[PDB]
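Data file: start_31.pdb. Format and content: PDB, C-alpha atoms and all ligand atoms.
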MODEL        1
ATOM      1  CA  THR A   1       1.508 -22.692  -8.614
ATOM      2  CA  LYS A   2       2.924 -23.975  -5.266
ATOM      3  CA  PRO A   3       2.413 -27.506  -3.907
ATOM      4  CA  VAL A   4      -0.271 -27.346  -1.111
ATOM      5  CA  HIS A   5       2.270 -28.092   1.731
ATOM      6  CA  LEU A   6       4.020 -24.781   0.778
ATOM      7  CA  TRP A   7       0.795 -22.645   0.843
ATOM      8  CA  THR A   8       1.207 -19.672   3.253
ATOM      9  CA  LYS A   9      -1.807 -18.443   5.329
ATOM     10  CA  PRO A  10      -2.830 -15.889   2.617
ATOM     11  CA  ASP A  11      -2.599 -18.663  -0.091
ATOM     12  CA  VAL A  12      -5.219 -20.612   1.944
ATOM     13  CA  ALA A  13      -7.301 -17.358   2.256
ATOM     14  CA  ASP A  14      -7.073 -17.006  -1.620
ATOM     15  CA  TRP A  15      -8.128 -20.704  -2.029
ATOM     16  CA  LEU A  16     -11.147 -20.218   0.389
ATOM     17  CA  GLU A  17     -12.108 -17.028  -1.583
ATOM     18  CA  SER A  18     -11.863 -19.074  -4.868
ATOM     19  CA  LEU A  19     -14.368 -21.605  -3.301
ATOM     20  CA  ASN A  20     -16.794 -18.748  -2.369
ATOM     21  CA  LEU A  21     -15.949 -19.624   1.302
ATOM     22  CA  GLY A  22     -14.618 -16.053   1.888
ATOM     23  CA  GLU A  23     -16.456 -15.657   5.233
ATOM     24  CA  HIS A  24     -14.004 -18.307   6.686
ATOM     25  CA  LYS A  25     -10.775 -16.484   5.607
ATOM     26  CA  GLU A  26     -10.406 -14.445   8.826
ATOM     27  CA  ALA A  27     -10.916 -17.492  11.145
ATOM     28  CA  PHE A  28      -8.395 -19.644   9.108
ATOM     29  CA  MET A  29      -5.800 -16.810   9.231
ATOM     30  CA  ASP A  30      -6.408 -15.874  12.933
ATOM     31  CA  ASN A  31      -5.949 -19.662  13.647
ATOM     32  CA  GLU A  32      -2.615 -19.831  11.659
ATOM     33  CA  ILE A  33      -3.964 -22.294   8.994
ATOM     34  CA  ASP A  34      -1.329 -22.842   6.210
ATOM     35  CA  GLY A  35      -1.072 -25.516   3.443
ATOM     36  CA  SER A  36       0.586 -28.086   5.828
ATOM     37  CA  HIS A  37      -2.697 -28.120   7.920
ATOM     38  CA  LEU A  38      -5.175 -28.859   5.039
ATOM     39  CA  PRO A  39      -4.514 -32.668   4.722
ATOM     40  CA  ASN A  40      -4.855 -33.009   8.550
ATOM     41  CA  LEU A  41      -8.052 -30.928   9.222
ATOM     42  CA  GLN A  42     -10.807 -33.019  10.951
ATOM     43  CA  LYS A  43     -14.553 -32.067  11.160
ATOM     44  CA  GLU A  44     -13.900 -30.853  14.760
ATOM     45  CA  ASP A  45     -11.054 -28.557  13.473
ATOM     46  CA  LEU A  46     -13.427 -27.159  10.765
ATOM     47  CA  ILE A  47     -16.059 -26.540  13.553
ATOM     48  CA  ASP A  48     -13.329 -24.812  15.739
ATOM     49  CA  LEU A  49     -12.524 -22.604  12.623
ATOM     50  CA  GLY A  50     -16.213 -21.475  12.469
ATOM     51  CA  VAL A  51     -17.353 -23.917   9.659
ATOM     52  CA  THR A  52     -20.594 -24.917  11.495
ATOM     53  CA  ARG A  53     -22.828 -25.357   8.331
ATOM     54  CA  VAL A  54     -22.788 -28.958   6.897
ATOM     55  CA  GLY A  55     -22.784 -27.611   3.290
ATOM     56  CA  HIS A  56     -19.619 -25.510   3.903
ATOM     57  CA  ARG A  57     -17.626 -28.419   5.531
ATOM     58  CA  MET A  58     -18.787 -30.676   2.582
ATOM     59  CA  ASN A  59     -17.558 -27.954   0.125
ATOM     60  CA  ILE A  60     -14.113 -28.000   1.882
ATOM     61  CA  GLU A  61     -14.048 -31.876   2.104
ATOM     62  CA  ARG A  62     -15.006 -32.051  -1.662
ATOM     63  CA  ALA A  63     -12.333 -29.424  -2.708
ATOM     64  CA  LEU A  64      -9.569 -31.190  -0.656
ATOM     65  CA  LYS A  65     -10.417 -34.637  -2.235
ATOM     66  CA  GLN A  66      -9.626 -33.068  -5.676
ATOM     67  CA  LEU A  67      -6.582 -31.044  -4.462
ATOM     68  CA  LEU A  68      -4.968 -34.001  -2.526
ATOM     69  CA  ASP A  69      -6.455 -36.852  -4.724
ATOM     70  CA  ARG A  70      -7.899 -38.637  -1.614
TER
HETATM   71 CL    CL B   1     -20.354 -22.256   8.022
HETATM   72 ZN    ZN B   2     -19.320 -21.029   5.623
ENDMDL
END
Using structure tokens, write down the structure from this file.
Ligand SMILES: [Cl-]
Ligand SMILES: [Zn+2]
Amino acid sequence: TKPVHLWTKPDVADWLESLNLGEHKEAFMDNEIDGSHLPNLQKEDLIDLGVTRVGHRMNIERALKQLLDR
């Protein structure tokens, strides 16, 4: 599998699907979110991408901690 920094936009869509965060795929793709963006996303970016529910941002924050060992 690819290092995260090399994830294309669809690779991020696949990852979101895998997290049962599929309803965010279109926003992440329409906003040009690739693997290089994931380490840099702030809460305000996740809000701008339509991730308005606390639980769903916490799911993304949790997943990224394990992906990027932060
Ligand atoms: Cl949400
Ligand atoms: Zn959501």
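Nearest-residue note for ligand CL 1 (chain B): choosing from A:8, A:31, A:36, A:20, the minimum distance belongs to A:20, counting all atoms listed in the file.
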Where's the centre, and what are the edge lengths in Å to one decimal, of a box along x, y and z enclosing all listed atoms of range 23-29 of chain A padded 5 Å per side, as AutoDock Vina command-line options?
--center_x -11.1 --center_y -17.0 --center_z 8.2 --size_x 20.7 --size_y 15.2 --size_z 15.9
Would you please work out which residue, of A:10, A:3, A:35, A:50, is nearest to ligand ZN 2 (chain B) when using all atoms listed in the file?
A:50
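Among A:44, A:14, A:34, A:23, the residue with the shortest atom-to-atom distance to ligand CL 1 (chain B), counting only C-alpha atoms and all ligand atoms, is A:23.
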Can you tell me which residues sit at most 6 Å away from ligand CL 1 (chain B), counting all atoms listed in the file, written as a ChimeraX atom specification?
/A:51-53,56
Kindly output range 39-67 of chain A as a tab-separated table (two decimals), keeping the file's coordinate frame, after building N, CA and C atoms.
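Done, and the output landed in rebuild_2.tsv:
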chain	number	residue	atom	x	y	z
A	39	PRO	N	-4.33	-31.21	4.72
A	39	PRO	CA	-4.51	-32.67	4.72
A	39	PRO	C	-4.95	-33.24	6.09
A	40	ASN	N	-4.70	-32.50	7.16
A	40	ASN	CA	-4.86	-33.01	8.55
A	40	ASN	C	-6.14	-32.49	9.20
A	41	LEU	N	-6.87	-31.55	8.57
A	41	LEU	CA	-8.05	-30.93	9.22
A	41	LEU	C	-9.11	-32.01	9.42
A	42	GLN	N	-9.66	-32.14	10.62
A	42	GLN	CA	-10.81	-33.02	10.95
A	42	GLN	C	-12.06	-32.14	11.00
A	43	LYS	N	-13.24	-32.75	11.03
A	43	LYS	CA	-14.55	-32.07	11.16
A	43	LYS	C	-14.54	-31.13	12.38
A	44	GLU	N	-13.93	-31.59	13.47
A	44	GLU	CA	-13.90	-30.85	14.76
A	44	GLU	C	-12.98	-29.62	14.61
A	45	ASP	N	-11.88	-29.73	13.86
A	45	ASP	CA	-11.05	-28.56	13.47
A	45	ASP	C	-11.88	-27.56	12.64
A	46	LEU	N	-12.62	-28.04	11.65
A	46	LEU	CA	-13.43	-27.16	10.76
A	46	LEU	C	-14.49	-26.45	11.61
A	47	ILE	N	-15.08	-27.14	12.59
A	47	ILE	CA	-16.06	-26.54	13.55
A	47	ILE	C	-15.36	-25.45	14.39
A	48	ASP	N	-14.19	-25.76	14.97
A	48	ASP	CA	-13.33	-24.81	15.74
A	48	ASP	C	-12.93	-23.61	14.87
A	49	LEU	N	-12.89	-23.73	13.53
A	49	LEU	CA	-12.52	-22.60	12.62
A	49	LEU	C	-13.77	-21.83	12.18
A	50	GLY	N	-14.94	-22.19	12.70
A	50	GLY	CA	-16.21	-21.48	12.47
A	50	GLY	C	-16.97	-22.02	11.26
A	51	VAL	N	-16.63	-23.22	10.78
A	51	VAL	CA	-17.35	-23.92	9.66
A	51	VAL	C	-18.39	-24.88	10.27
A	52	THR	N	-19.49	-24.29	10.74
A	52	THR	CA	-20.59	-24.92	11.50
A	52	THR	C	-21.70	-25.44	10.55
A	53	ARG	N	-21.80	-24.93	9.31
A	53	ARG	CA	-22.83	-25.36	8.33
A	53	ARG	C	-22.31	-26.57	7.56
A	54	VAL	N	-23.09	-27.65	7.56
A	54	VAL	CA	-22.79	-28.96	6.90
A	54	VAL	C	-22.32	-28.70	5.46
A	55	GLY	N	-23.08	-27.91	4.70
A	55	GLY	CA	-22.78	-27.61	3.29
A	55	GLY	C	-21.37	-27.08	3.14
A	56	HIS	N	-20.93	-26.21	4.04
A	56	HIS	CA	-19.62	-25.51	3.90
A	56	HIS	C	-18.46	-26.47	4.22
A	57	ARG	N	-18.61	-27.34	5.22
A	57	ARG	CA	-17.63	-28.42	5.53
A	57	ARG	C	-17.54	-29.40	4.35
A	58	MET	N	-18.69	-29.74	3.74
A	58	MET	CA	-18.79	-30.68	2.58
A	58	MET	C	-18.13	-30.03	1.36
A	59	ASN	N	-18.25	-28.71	1.20
A	59	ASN	CA	-17.56	-27.95	0.12
A	59	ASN	C	-16.04	-28.08	0.31
A	60	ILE	N	-15.57	-27.91	1.55
A	60	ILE	CA	-14.11	-28.00	1.88
A	60	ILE	C	-13.66	-29.44	1.67
A	61	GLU	N	-14.36	-30.42	2.25
A	61	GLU	CA	-14.05	-31.88	2.10
A	61	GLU	C	-13.97	-32.20	0.60
A	62	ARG	N	-14.98	-31.82	-0.19
A	62	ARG	CA	-15.01	-32.05	-1.66
A	62	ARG	C	-13.76	-31.44	-2.32
A	63	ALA	N	-13.47	-30.15	-2.08
A	63	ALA	CA	-12.33	-29.42	-2.71
A	63	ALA	C	-11.01	-30.13	-2.38
A	64	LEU	N	-10.84	-30.58	-1.13
A	64	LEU	CA	-9.57	-31.19	-0.66
A	64	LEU	C	-9.37	-32.56	-1.31
A	65	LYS	N	-10.45	-33.33	-1.52
A	65	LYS	CA	-10.42	-34.64	-2.24
A	65	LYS	C	-9.78	-34.45	-3.62
A	66	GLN	N	-10.09	-33.34	-4.29
A	66	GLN	CA	-9.63	-33.07	-5.68
A	66	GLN	C	-8.21	-32.50	-5.64
A	67	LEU	N	-7.93	-31.62	-4.69
A	67	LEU	CA	-6.58	-31.04	-4.46
A	67	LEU	C	-5.57	-32.15	-4.09
